[PDB]
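Quick setup: one chain, the form deposited in one PDB entry, written in structure tokens, and binding and motion questions come after.
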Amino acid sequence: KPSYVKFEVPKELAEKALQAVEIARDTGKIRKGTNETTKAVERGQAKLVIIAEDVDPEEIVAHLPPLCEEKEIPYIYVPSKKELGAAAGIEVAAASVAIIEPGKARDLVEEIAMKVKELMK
């Protein structure tokens, strides 16, 4: 486990976020890679943000949790950049992803957003 995990995770919650990224992909609005993830926040209203637990250097995503406390935005880690990339519809690894519109996945974002907001306290 890296230095920037602000909370620990079972096999669940991070796998439910992985299949949330799939369902938003064509049915809603998704943005790809850590720069587009960072833009998604600063343009004022992301819906959620996803990060890979296996990043090296780890310091390159360390600006996302702080930025997510300034913007009141909820976030969650998933087991690898290579399975995050696959979920996002691409074949290169992705250190992070952002949700602009959940599509079909509105109520799937809502039930995990609520649980993120408690395991963060």
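Don't overthink the numbering: it's just position in the shown sequence, from 1.
Below, we refer to the form solved in complex with a partner chain, which is not included among the displayed structures.
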State yes or no: in the deposited complex, is some non-hydrogen atom of residue 67 no more than 4.5 angstroms from a non-hydrogen atom of its partner chain?
yes
Do residue 62 and its partner chain come within 4.5 Å of each other in the deposited complex, heavy atoms counted?
yes
Give a yes or no for residue 44: in the deposited complex, does one of its heavy atoms lie within 4.5 Å of a heavy atom belonging to its partner chain?
no
Residue-level question: is residue 80 within 4.5 Å of its partner chain in the deposited complex, judged on heavy atoms?
no
